[PDB]
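From first to last, the protein sequence lines are chains E and F.
With the authors' numbering applied, the first sequence covers 1 to 465, 470 to 591.
For the authors' numbering, add 112 to where a residue sits in the second sequence, where the first one is 1.
For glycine and all other residues, C-beta sits at the position ideal for the given N, C-alpha and C.
Please read the structure below before turning to the comments.
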Amino acid sequence: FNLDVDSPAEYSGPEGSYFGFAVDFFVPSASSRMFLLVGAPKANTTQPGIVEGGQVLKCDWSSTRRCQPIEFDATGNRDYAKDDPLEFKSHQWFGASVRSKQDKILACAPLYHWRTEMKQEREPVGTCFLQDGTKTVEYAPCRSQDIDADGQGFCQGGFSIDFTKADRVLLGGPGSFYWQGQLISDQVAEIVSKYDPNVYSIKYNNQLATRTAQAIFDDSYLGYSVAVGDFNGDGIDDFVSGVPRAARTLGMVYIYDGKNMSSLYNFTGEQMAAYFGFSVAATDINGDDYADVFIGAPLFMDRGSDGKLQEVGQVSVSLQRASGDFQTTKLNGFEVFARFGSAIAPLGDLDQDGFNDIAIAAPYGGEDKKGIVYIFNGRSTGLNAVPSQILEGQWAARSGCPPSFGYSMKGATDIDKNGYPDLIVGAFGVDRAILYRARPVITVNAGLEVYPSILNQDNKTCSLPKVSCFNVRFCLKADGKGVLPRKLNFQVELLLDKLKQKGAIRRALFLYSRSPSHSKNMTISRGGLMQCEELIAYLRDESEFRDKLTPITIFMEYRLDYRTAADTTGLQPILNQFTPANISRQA
Amino acid sequence: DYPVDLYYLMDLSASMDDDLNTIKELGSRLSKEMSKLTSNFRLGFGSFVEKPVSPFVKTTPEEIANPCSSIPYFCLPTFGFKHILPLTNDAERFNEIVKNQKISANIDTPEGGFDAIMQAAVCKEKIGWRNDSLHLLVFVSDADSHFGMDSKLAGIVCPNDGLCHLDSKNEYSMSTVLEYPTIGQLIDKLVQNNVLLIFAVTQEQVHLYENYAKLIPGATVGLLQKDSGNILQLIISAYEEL
Ligand SMILES: *[C@@H]1O[C@H](CO)[C@@H](O[C@@H]2O[C@H](CO)[C@@H](O[C@@H]3O[C@H](CO[C@H]4O[C@H](CO[C@H]5O[C@H](CO)[C@@H](O)[C@H](O)[C@@H]5O)[C@@H](O)[C@H](O[C@H]5O[C@H](CO)[C@@H](O)[C@H](O)[C@@H]5O)[C@@H]4O)[C@@H](O)[C@H](O[C@H]4O[C@H](CO)[C@@H](O)[C@H](O)[C@@H]4O)[C@@H]3O)[C@H](O)[C@H]2NC(C)=O)[C@H](O)[C@H]1NC(C)=O
Ligand SMILES: *[C@@H]1O[C@H](CO)[C@@H](O[C@@H]2O[C@H](CO)[C@@H](O[C@@H]3O[C@H](CO[C@H]4O[C@H](CO[C@H]5O[C@H](CO)[C@@H](O)[C@H](O)[C@@H]5O)[C@@H](O)[C@H](O)[C@@H]4O)[C@@H](O)[C@H](O[C@H]4O[C@H](CO)[C@@H](O)[C@H](O)[C@@H]4O)[C@@H]3O)[C@H](O)[C@H]2NC(C)=O)[C@H](O)[C@H]1NC(C)=O
Ligand SMILES: *[C@@H]1O[C@H](CO)[C@@H](O[C@@H]2O[C@H](CO)[C@@H](O[C@@H]3O[C@H](CO[C@H]4O[C@H](CO)[C@@H](O)[C@H](O)[C@@H]4O)[C@@H](O)[C@H](O)[C@@H]3O)[C@H](O)[C@H]2NC(C)=O)[C@H](O)[C@H]1NC(C)=O
Ligand SMILES: *[C@@H]1O[C@H](CO)[C@@H](O[C@@H]2O[C@H](CO)[C@@H](O[C@@H]3O[C@H](CO)[C@@H](O)[C@H](O)[C@@H]3O)[C@H](O)[C@H]2NC(C)=O)[C@H](O)[C@H]1NC(C)=O
Ligand SMILES: *[C@@H]1O[C@H](CO)[C@@H](O[C@@H]2O[C@H](CO)[C@@H](O)[C@H](O)[C@H]2NC(C)=O)[C@H](O)[C@H]1NC(C)=O
Ligand SMILES: *[C@@H]1O[C@H](CO)[C@@H](O)[C@H](O)[C@H]1NC(C)=O
Ligand SMILES: *[C@@H]1O[C@H](CO)[C@@H](O)[C@H](O)[C@H]1NC(C)=O
Ligand SMILES: [Ca+2]
Ligand SMILES: [Ca+2]
Ligand SMILES: [Ca+2]
Ligand SMILES: [Ca+2]
Ligand SMILES: [Mn+2]
Ligand SMILES: [Mn+2]
Ligand SMILES: [Mn+2]
Numbered sequence: 001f002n003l004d005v006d007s008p009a010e011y012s013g014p015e016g017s018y019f020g021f022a023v024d025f026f027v028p029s030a031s032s033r034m035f036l037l038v039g040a041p042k043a044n045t046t047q048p049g050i051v052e053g054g055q056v057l058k059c060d061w062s063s064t065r066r067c068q069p070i071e072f073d074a075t076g077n078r079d080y081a082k083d084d085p086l087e088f089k090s091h092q093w094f095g096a097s098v099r100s101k102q103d104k105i106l107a108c109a110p111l112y113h114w115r116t117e118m119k120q121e122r123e124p125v126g127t128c129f130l131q132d133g134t135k136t137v138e139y140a141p142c143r144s145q146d147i148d149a150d151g152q153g154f155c156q157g158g159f160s161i162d163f164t165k166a167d168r169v170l171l172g173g174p175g176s177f178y179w180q181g182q183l184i185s186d187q188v189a190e191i192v193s194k195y196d197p198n199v200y201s202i203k204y205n206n207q208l209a210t211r212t213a214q215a216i217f218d219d220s221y222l223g224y225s226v227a228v229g230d231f232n233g234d235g236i237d238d239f240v241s242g243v244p245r246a247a248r249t250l251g252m253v254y255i256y257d258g259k260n261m262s263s264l265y266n267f268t269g270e271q272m273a274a275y276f277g278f279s280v281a282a283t284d285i286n287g288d289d290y291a292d293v294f295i296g297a298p299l300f301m302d303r304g305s306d307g308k309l310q311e312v313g314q315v316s317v318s319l320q321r322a323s324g325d326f327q328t329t330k331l332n333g334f335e336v337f338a339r340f341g342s343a344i345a346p347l348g349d350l351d352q353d354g355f356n357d358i359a360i361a362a363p364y365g366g367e368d369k370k371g372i373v374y375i376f377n378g379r380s381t382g383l384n385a386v387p388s389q390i391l392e393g394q395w396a397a398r399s400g401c402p403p404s405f406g407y408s409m410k411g412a413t414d415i416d417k418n419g420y421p422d423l424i425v426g427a428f429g430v431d432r433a434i435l436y437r438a439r440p441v442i443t444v445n446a447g448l449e450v451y452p453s454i455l456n457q458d459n460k461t462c463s464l465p470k471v472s473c474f475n476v477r478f479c480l481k482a483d484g485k486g487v488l489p490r491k492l493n494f495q496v497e498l499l500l501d502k503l504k505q506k507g508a509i510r511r512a513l514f515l516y517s518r519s520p521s522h523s524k525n526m527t528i529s530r531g532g533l534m535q536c537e538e539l540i541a542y543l544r545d546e547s548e549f550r551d552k553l554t555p556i557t558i559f560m561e562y563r564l565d566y567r568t569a570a571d572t573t574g575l576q577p578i579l580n581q582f583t584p585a586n587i588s589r590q591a
Numbered sequence: 113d114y115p116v117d118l119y120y121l122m123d124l125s126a127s128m129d130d131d132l133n134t135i136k137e138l139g140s141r142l143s144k145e146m147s148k149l150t151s152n153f154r155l156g157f158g159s160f161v162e163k164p165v166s167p168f169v170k171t172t173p174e175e176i177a178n179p180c181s182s183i184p185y186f187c188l189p190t191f192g193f194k195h196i197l198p199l200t201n202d203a204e205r206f207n208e209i210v211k212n213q214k215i216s217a218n219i220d221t222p223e224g225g226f227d228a229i230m231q232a233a234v235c236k237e238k239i240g241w242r243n244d245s246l247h248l249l250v251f252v253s254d255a256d257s258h259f260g261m262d263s264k265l266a267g268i269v270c271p272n273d274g275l276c277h278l279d280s281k282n283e284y285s286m287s288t289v290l291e292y293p294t295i296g297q298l299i300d301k302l303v304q305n306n307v308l309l310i311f312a313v314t315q316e317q318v319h320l321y322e323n324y325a326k327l328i329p330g331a332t333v334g335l336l337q338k339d340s341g342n343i344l345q346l347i348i349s350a351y352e353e354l
């Protein structure tokens with residue numbers, strides 16, 4: 001609810017390049033600056049003879065909003081022999097998936113084709129480039145001697161990637177073994193050490209891979225999406241992957257152990273061709289240190305109130321337990337054909353309430369099919385089914401692809417050091433990426449005491465040149485959890501006997517202000533103590549109004565001056581949603 | 113007595129050489145019994161294979177013009193969907209087309225059948241659907257079929273709008289540009305045009321496609337045999353109307 005939609009950062013790349021097809025963060029060595037990583041897989045590069053090789057751009061947040069290309073590879077197509085090109089980097093879609101861990105940036109080219117070393121083929125084995133600062137290495141675990149469709153020729157390694165917490169890379173290859181799919185995991189120490197620009201098929205000893213199975217499992221697309229998390233309660237991040245065409249297009253999700261590549265748990269879709277497993281994510285949502293599984297089925301069709309089918313997409317929420325089981329619920333999308341569940345980005349604790357939160361995108365929802373991102377908060381019992389914030393697309397669809405706002409996103413990284421994790425949302429159809437900054441959340445506890453409750457018609461006590473008067477005591481306390489100033493300036497308004505509309509007969513007004521309303525600018529400090537203030541209001545005489553039946557409601561209203569509570573970046577805080585309002589009592 | 117339109121959608125993929133002669137015996141046989149229960153009979157024809165993009169077809173210069181290479185065999189190149197015959201009364205022209213049909217090829221067992229169904233459904237002009245008639249669409253293939261988001265591997269991420277995209281060659285021109293349609297999209301366009309989709313597959317593919325017919329309203333399933341008069345029993349028992 002606290003994402004700033006008033007002033008978001010708008011980053012752009014070359015037009016027609018699918019800028020924003022893959023997004024991620026960048027946090028290098030020590031306490032340095034932070035960056036946005038954006039993929040543009042259809043981008044023309046300067047590579048000799050390479051048309052639309054694609055690139056990954058490093059955009060700076062600090063200021064100026066300027067993007068700089070990351071040089072992963074400047075060379076053209078290597079030759080196996082004279083007039084015999086070895087590889088085809090044109091239209092390789094480099095930057096279709098970008099994943100970053102600390103000072104490491106991993107980008108891949110799923111449509112990279114490679115010619116066999118035995119004969120003249122053009123097989124899309126896929127390749128990745130890894131950058132650990134200066135050194136840039138190549139990574140093609142499917143570029144092997146296991147050629148042809150029966151092998152890894154159409155593996156398309158790097159279609160999806162992720163990092164574990166123990167410096168292992170997780171790669172998905174949907175085409176391996178006649179499109180059975182395959183997961184490959186290698187230690188980062190081995191990837192760079194065993195790299196050799198003169199060796200096209202490098203064999204890694206600590207490689208973990210899903211070996212080939214029976215022919216019935218062909219055309220399954222194992223590795224279509226990936227995510228990481230601990231599930232067997234040991235400490236080693238395990239491998240989760242969607243298998244959307246398994247079980248006769250029912251879709252499945254396979255879980256493998258992150259140590260010896262063994263199947264741990266299975267999920268199965270409940271509707272044919274719902275693409276159960278298109279997107280997956282793993283994050284602990286209910287504060288139990290057990291990572292939880294989120295499976296998107298963007299093509300899920302539900303039944304409407306009128307009995308007609310409607311494609312809305314579905315995400316299943318499965319809460320991990322120590323007893324090994326899973327508590328699974330299902331979350332249906334809101335808009336028809338929006339493909340709710342196409343992208344799922346763990347956000348961390350977006351609002352710093354003690355429970356992680358998550359975003360789910362419907363890239364083709366909203367007006368003019370521009371795109372919507374839904375924000376969901378966690379709680380003790382799990383994920384809140386109702387969204388607390390709706391991110392709207394602003395960019396209309398020029399002829400061709402729709403804006404696809406939300407199609408890829410990544411969270412759980414605090415890019416402005418404001419104490420709250422932020423969110424990058426890619427929209428490749430309009431070649432754009434947008435940074436939404438989380439606003440600080442102010443929790444306010446307001447109090448209102450009216451003593452006495454019963455006002456006598458003639459109780460003269462407070463000094464006056470003496471009339472029936474009473475004390476109005478209102479207390480105010482505020483706090484926040486993040487990087488916010490100490491001094492929050494409040495402007496508080498009080499209205500006596502509001503129930504009487506403008507034109508009626510009023511019966512209350514303060515003693516010295518001589519006015520039914522009193523304004524007061526209030527500087528209070530969060531965290532210190534509750535600051536309270538008393539003041540005296542009185543009732544009018546009996547002969548001035550015959551209306552002694554209309555109960556006199558004392559109304560107290562309070563607001564904040566955000567401008568003096570804003571940050572150096574102009575990020576204005578925001579109140580918690582269930583209790584921001586004013587309060588009322590009555591005498 | 114009531115007008116009826118019947119479009120014949122044949123799969124020209126590689127896995128259909130063993131079933132080709134059964135399909136031609138289905139064409140001529142269907143081009144006979146239709147004139148029985150009705151006089152207002154017009155039938156059409158269309159063929160499909162697969163989207164001509166990697167990884168579904170090899171991208172080597174020889175296997176593009178001849179995807180049956182390395183076997184070796186001569187067959188037609190890989191194409192998404194070709195609208196050959198608009199539905200008309202001339203039924204002997206229908207037979208002359210099915211006879212000359214040759215096999216094509218690709219790599220991955222499921223095909224782009226849904227692309228052909230979507231283009232034949234929405235195009236009420238280039239196919240020529242009557243105002244008030246029974247729009248029947250016979251679907252024939254001996255394997256599975258690709259649906260939405262499967263073209264992401266090929267590099268196609270623009271969804272299918274469910275519109276008429278037939279060029280001057282009467283082919284699916286926006287096949288390498290648009291994704292495959294989903295079952296939701298097909299359901300949304302088979303009712304706007306009111307089309308009854310008959311699935312005619314092989315034994316091993318019925319248990320799959322029958323669950324598809326459960327989702328798609330009005331769509332039924334059928335089995336392919338040497339005596340292909342079985343699928344004819346569907347249509348005759350589909351003229352019940354009422
Ligand atoms: C979650 O769900 C998923 C999906 O359901 C599930 O993952 C699958 O789990 C099933 C569990 O049964 C796995 O099925 C097993 O697969 C084994 C395959 O590995 C070996 O077997 C190959 C068998 O070849 C087949 O084809 C030939 C004809 O070509 C045929 O004759 C055979 O009978 C067989 O059908 C074998 O070829 C292969 O060997 C390779 O390497 C050698 C060199 O060493 C090379 O020469 C070969 O050419 C090949 O390249 C490989 O070693 C299979 O062995 C295993 O068999 C068991 O079951 C049968 C039937 O009950 C018994 O008779 C037999 O004795 C065994 O007990 C079994 O079928 C399937 O592979 C998984 N799929 C994956 C991992 O992708 C998860 O388990 C689920 N999760 C949980 C927690 O359950
Ligand atoms: C590939 O790796 C996987 C894991 O990385 C290996 O799977 C392991 O198999 C061994 C068996 O060889 C198991 O050890 C057994 O433990 C029993 C006691 O239970 C302990 O493990 C529990 C695991 O956690 C549970 O909960 C999670 C949910 O979070 C479940 O998913 C999981 O399945 C478990 O149910 C702990 O929670 C618990 O506290 C215990 O510590 C032992 O009883 C058992 O047998 C022993 O005793 C026998 C006689 O009593 C004796 O003969 C045996 O030799 C043995 O000593 C055995 O020790 C591991 O638990 C299991 N891993 C996991 C994570 O569960 C897999 O074997 C490996 N494959 C290869 C080829 O290397
Ligand atoms: C006629 O009007 C009179 C004035 O409007 C009424 O007199 C009021 O009587 C109530 C008791 O019912 C008093 O309330 C008490 O207040 C004490 C002391 O609180 C104060 O002290 C703390 C610090 O120690 C300070 O922080 C507070 O702000 C207060 O200043 C409480 O401890 C008691 O529990 C009790 O609630 C009022 O204080 C008193 N008014 C004044 C101005 O003194 C009188 O009751 C009316 N007659 C009627 C209605 O018949
Ligand atoms: C990346 O660069 C390539 C070229 O290296 C661009 O491909 C070019 O695309 C244009 C149209 O987008 C092609 O021109 C067309 O020619 C026809 C005539 O046949 C004309 O009628 C059209 O109006 C259009 O002008 C051009 O031939 C083609 N170039 C090559 C070498 O194939 C590509 O568009 C660039 N992409 C991005 C994102 O920058
Ligand atoms: C005090 O603030 C509250 C905010 O909670 C106001 O309540 C709103 O009342 C209007 C109409 O009376 C509704 O349309 C809004 O939906 C209410 N807000 C919420 C959050 O539900 C209340 O009106 C304010 N006090 C006065 C006197 O206006
Ligand atoms: C409080 O400050 C506001 C501006 O925020 C001003 O309009 C108002 O006059 C001030 N009130 C008093 C009592 O000084
Ligand atoms: C019948 O077809 C004619 C053109 O052939 C068209 O103008 C008319 O709208 C159609 N009627 C209905 C009910 O579709
Ligand atoms: Ca583990
Ligand atoms: Ca959990
Ligand atoms: Ca939270
Ligand atoms: Ca932040
Ligand atoms: Mn086929
Ligand atoms: Mn066959
Ligand atoms: Mn195919």
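- Counting only residues whose CB is nearer than 5 Å to a non-hydrogen atom of ligand 14, the list in chain order is F:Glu162, F:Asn218, F:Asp220 and F:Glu223.
- Taking C-beta separations shorter than 7 Å and ignoring five residues to either side along the sequence, the partners of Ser388 (chain E) in its chain run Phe1, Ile375, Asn377 and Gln581, following chain order.
- Residue pairing by DSSP puts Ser408 (chain E) in a beta bridge opposite E:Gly426.
- DSSP places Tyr324 (chain F) in the helix class (H, G or I) of the three-state scheme.
- The continuous alpha helix (DSSP H) containing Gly225 (chain F) extends over residues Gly225 to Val234.
- DSSP places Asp368 (chain E) in the helix class (H, G or I) of the three-state scheme.
- Counting along the chain, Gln327 (chain E) sits inside the beta strand (DSSP E) bounded by residues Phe326 to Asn332.
- At a cut-off of 8 Å between beta carbons, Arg248 (chain E) contacts chain F.
- Annotation: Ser287 (chain F) has no Cβ neighbours in chain E at a cutoff of 7 Å; minimum Cβ distance is about 15 Å.
- Put simply, the backbone Cα of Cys59 (chain E) is about 26 Å away from that of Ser225 (chain E).
- With a beta-carbon spacing of about 10 Å, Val252 (chain F) and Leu124 (chain F) fall beyond the 8 Å limit used to define contacts.
- Residue range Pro173 to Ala177 is occupied by the alpha helix (DSSP H) that includes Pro173 (chain F).
- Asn243 (chain F) has its Cβ nearer than 7 Å to a heavy atom of ligand 7.
- In the same chain as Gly574 (chain E), and ignoring 5 residues on each side of it, the C-beta atoms closer than 7 Å to its own belong to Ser7, in chain order.
- Segment contact: the segment 239-254 of chain E against the segment 271-279 of chain E, three or more CB-CB distances shorter than 8 Å; contact assigned.
- Separation of the CB atoms of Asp292 (chain E) and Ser318 (chain E) is rounded to 6 Å, and the pair is thereby assigned contact status at 8 Å.
- For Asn525 (chain E), the enclosing beta strand (DSSP E) begins and ends at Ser521 to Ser529.
- Those residues of the segment 155-181 of chain F placed with their C-beta closer than 8 Å to a C-beta in chain E are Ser166, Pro167, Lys170, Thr171 and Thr172, ordered along the chain.
- Annotation: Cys155 (chain E) to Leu488 (chain E) spans about 49 Å, alpha carbon to alpha carbon.
- Annotation for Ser318 (chain E): the continuous beta strand (DSSP E) segment containing it runs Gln314 to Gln320.
- By the 16-neighbour rule on beta-carbons within 10 angstroms, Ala433 (chain E) is buried.
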